[PDB]
Every structure is written in C-alpha cells, then in structure tokens.
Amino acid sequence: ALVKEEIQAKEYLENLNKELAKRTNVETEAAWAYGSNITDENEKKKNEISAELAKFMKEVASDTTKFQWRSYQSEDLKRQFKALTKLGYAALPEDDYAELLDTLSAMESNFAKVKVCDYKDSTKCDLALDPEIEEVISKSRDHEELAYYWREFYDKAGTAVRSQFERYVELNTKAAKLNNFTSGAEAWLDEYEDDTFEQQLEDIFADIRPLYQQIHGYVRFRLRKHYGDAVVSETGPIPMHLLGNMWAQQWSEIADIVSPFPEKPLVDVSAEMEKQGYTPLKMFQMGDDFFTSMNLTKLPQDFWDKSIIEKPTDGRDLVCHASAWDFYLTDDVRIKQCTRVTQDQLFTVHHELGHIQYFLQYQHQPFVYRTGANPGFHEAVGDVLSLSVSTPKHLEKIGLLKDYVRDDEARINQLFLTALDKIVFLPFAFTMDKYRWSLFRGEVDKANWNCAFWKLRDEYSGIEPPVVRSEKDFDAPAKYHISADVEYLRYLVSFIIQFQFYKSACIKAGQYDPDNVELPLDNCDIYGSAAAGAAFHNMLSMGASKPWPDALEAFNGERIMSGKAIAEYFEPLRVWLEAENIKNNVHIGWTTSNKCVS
C-alpha cells in the first residue's frame, strides 16, 4: 500500500537529509580551504571531495525511483523528493564531472591570481584587482590611465581563459541535457519555479528601461563636460572605463562629477569612517548590531572565530571576492571578505551578513530546504538593510554624516546616487545571463562569442570598451561570476524584490507613508524595528520549504514579483530628471558601438 510507503518515505528523507548535510559539510570545508588559500594541493582536495559527493548524489537520485513519490498525499514529501531528483552537474559521467571541476578551478584560480604592472612603473607588477586595480578604476580621472588598467585586466582575466570557458559551456550543456533540461539556461531558470519567469522580467525591465535611458543620457552629458568631446561623444555609447567600475555595473564612484547639484551635499562617508578609526571588525560588529536591533539572530561565536574579514598579509593566493558560507551544521557560518574601510564596503558587509542571517534563520529546516526561497531572495536580504544604512537618516545616527541639510536639492543628489547603483545595475545584471543563456542554448556560433557579449552590453546598457576589441579577445570571464560559474539572474531579481521588501519593512516600521512628506521612502531607517524583523523572520525561517510566492506572502501578503516598488522609490527622481534633461537639451539613446570588430 501507498499509506505504509509514505510513512517509510518520511523516515527515509529525515535520515538522508541529515546524511546530505554532513557530506556537504566536508565538501564546503575543502572549498573554503581552497578559496582562502589557493594551492595545487587544496584544488586537488576540493575537487576530489566534490567528485565523491557527486557519486553519492547519483546513488540518491537512483534510489528515489524506488519510491512512488509522485503518488503521495504530502506536498512536503513530494517537494523534498523532487529536490533530490535534481542532480545538476552530478548527473555527468565520473570522468566528465572531474574534467568540469578541473575546468572550473582553472578559471576561478586564473581570475584570483591576476596581477598587472603599474601604469607608471613597468617594474612593479604585483597589482591585484582587490585592492590595487579597483582603487585606480574608482579614483583616477585620467582616461588614459583608466584605459590601460581596463585593457590589462580584461586581457588577463578574460582572454586567457577562452579555451577553458568553451569546454565549460560544453560540459554545462551535457549536464543540463542529462537532467532533461534543454540547456544550462533552463537548468538555472528551474530555481524560480515559474515557467513565465523570463517574460515577467522582460516586462518589468521594459517598465524601468526609460528611466535608465534618462540616467544614461544625463551621465553622458556630465562626462562630456568633464573629459571633453574627444573622449565622450554626445550620441555614442559611453566609454565604460570612465564609469568608476571595472564592469560599469554600478556608477556611484563617479557621483562627485555627475551629481545633479554639485554645490549641495553628496553622501560619501569613507573619510569619516577613517577619521573615527573604523576597522573591518567594527564594520561587521555594526552589521551584527543592525540585525539584532530588528530582533533577528546574533552572529554565533564560530563566525567570529573562523571568518576572514581582512586580506591576509602573507604571500598567499586567495579569492578576495566577498562571500558568505554555510557549513550545514549548527551555527557554523562564515564570511570571507578582504574588507576595506569605505562606504561601498560597509554596504558589502551588510549584503554578506544578509546571507549569514538567512543561513541561521533556516538551519532547523531539512537539508534540501536550507537555501533561499529563490536565489534572488538570498541576494535581497542584506541589500534591504543596506538601503536603510545608506540613508542620511541612519548615517547621521551613527555620526558618519555631519552638518547635513536635507533640502530638495540634497534629496535629488541622494536619489541620484542611489540610482547610479540600483537602476544602472539592472540592464547590466540582465545581460550577464542573457549572454550565458545564448551560449548555453547554442544560439551563438563560437566564431562570434566575444562580439555577442559586447553587442548585449551595447544594446542594454549603452556602454562600450575603451579600446577596439575583436574575436581575438574574450572579455566575459573578466567578471568574477562568469569565471566562477555563478548564475547572475539572482541579482536582477534581487534588485527588483529588495524594494518590495524595503517598502513593506518601512511601512511596518512606521517609517513610510506616501501621504506624509515627513516620511519619504528614500529616507526610511528600519534600524531597531522588531516589526520589520518579524516579517523577515516569518519569511527567512521558511528557507525553500515552499515555492517563493508563499515566502513573499509570509513577508507582506503579496505573491507577485513587481516593479511597482522600485519605480515608487525613484518617482521623485524620474520627475526631476525628465525635466532636467529637457531643460539641458540632453540627447537620449545611443548609436551602435564600433568597438567590437566582427
């Protein structure tokens, strides 16, 4: 009978979940050791343990066919069994899996080991992305210096890894088809449990796109006044090396030269952080404080004992790209961040601690449910708090922002500053996966792979390389997530839903009322709010036990991903900017880039 089997299945799942958590702990430890300390020995260990876990997953997927799980009464049991059937890369033959693992570590270690020569000292060749190159890209206003570092980095992080990336695409595709997905695109999209997810995002993006075009146009206009028309054209895509970020994904680093009102305050607390003696430890302690103030979970002792919150001073290679780690026991959670004392980094700390909080909130769940409601949910958590810490309201409380008058002009400055991160990012994030999906789906011939990347960056973001590129270059893997095989759509989802979360948290905190001029959404601080924290607890504790619309519903009663909230936040900016662009006869839109030779 199926009655007796469903009882046995429940016992089978309880044991297997515990076994999976314990086996994944071992894998995670090896992966942590490698990311903290890149050596051939640690690479070998990381990959061999992963191969062992993959072999066990195969046996598990095989064992699920012994249970008539699709016939069960319990939605919960069926959801767990379905999670176990999804093998991903572990579906590959033993040898193919080992090759993929070797290919993935080759790309990630290449990225992490990139060193360039000083622009002004051809003998000093130990400059790493974090912190040396990123410091220049964010600070220098010498367009030739910027172009030098752009070219050096993309050549070493991107082009060097073309052949490995090609084999990765091949094996990612083979794995997807062994799971009976059309391609790795569909394998990734499966995480959102919604067959209309792509269309939904297209629809949301199309609504926000006009505002992006206005921001793009205004930024280009302001850059022309700074660099001259020899460097920046009125009608062409913006040369990307001028945007304060290696990938032009966020433009907040050039706010000082593109801010709407330069005679009025622009929030940049990095200087005051240094003046007050801020350390990486203090930054993480302050993040911890924010979470506990909302009646959420305090960081466990293991976190403080085991985390790496400063770049090691020895000679060693490591992955500095900030990350948060769940070890699948109790309270063993960690961050590895090469923390610097800057405003941007203070947000990064809060982002990473958002992941940590999610880990702690769902650690009581069965193993298969110990992940986000969807990948976008995991990315949104910390950003919701960062939206609060970024407000003049909060920064004044912690004494990082002094003598600030919040008039109409200062408000536009702050809204614009926020948009340089939040709106600008949306087409960037969409293109990262639009590009990879098109390769996964076999829609682009190998001979056209590089210009296919730059074509998307042009079409969606209106940016282009500083120098002419061709199919002799391969620039995509110059972005961490592309070398590290990390799905990117999670961030596009996050940047939309984080405003749904923020708006609701602010309403719950009594910090936002659309009919009260004293409580605007863009100055909401949810610090100390138990009510906002309660909504987070309700949602985060669920993990992946229910489809994501149920997790959203637990937060604010809503079930639909919507661009209403983000548009509501930036509405005052939209009104001002549209008028300002008309006032200054600002050209909107761009001609097709000439910077990738087919």
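Quick note: we count residues from 1 along the sequence shown, nothing fancier.
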Residue range whose averaged C-alpha B-factor is higher in the record, 189-197 or 299-307 = 299-307
Between 253-261 and 119-127 (mean CA B-factor, as deposited), the higher | 119-127
Looking at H481, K455, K86, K434, which has the biggest Cα B factor in the entry?
-> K86
Comparing C-alpha B-factors across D317, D155, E379, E464 in this entry, the winner is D317
Among the chain's modelled residues, which third holds the C-alpha B-factor of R209?
-> middle
State the tercile, meaning the lowest, middle or highest third, of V575 with respect to the CA B-factors recorded for its chain.
-> middle
Give the position of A147 by CA B-factor within its chain, expressed as the lowest, middle or highest third.
-> lowest
Going by the entry, which third of its chain does the Cα temperature factor of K113 land in?
-> middle
Ordered by C-alpha B-factor within the chain, which third holds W69? Give me lowest, middle or highest, please.
-> middle
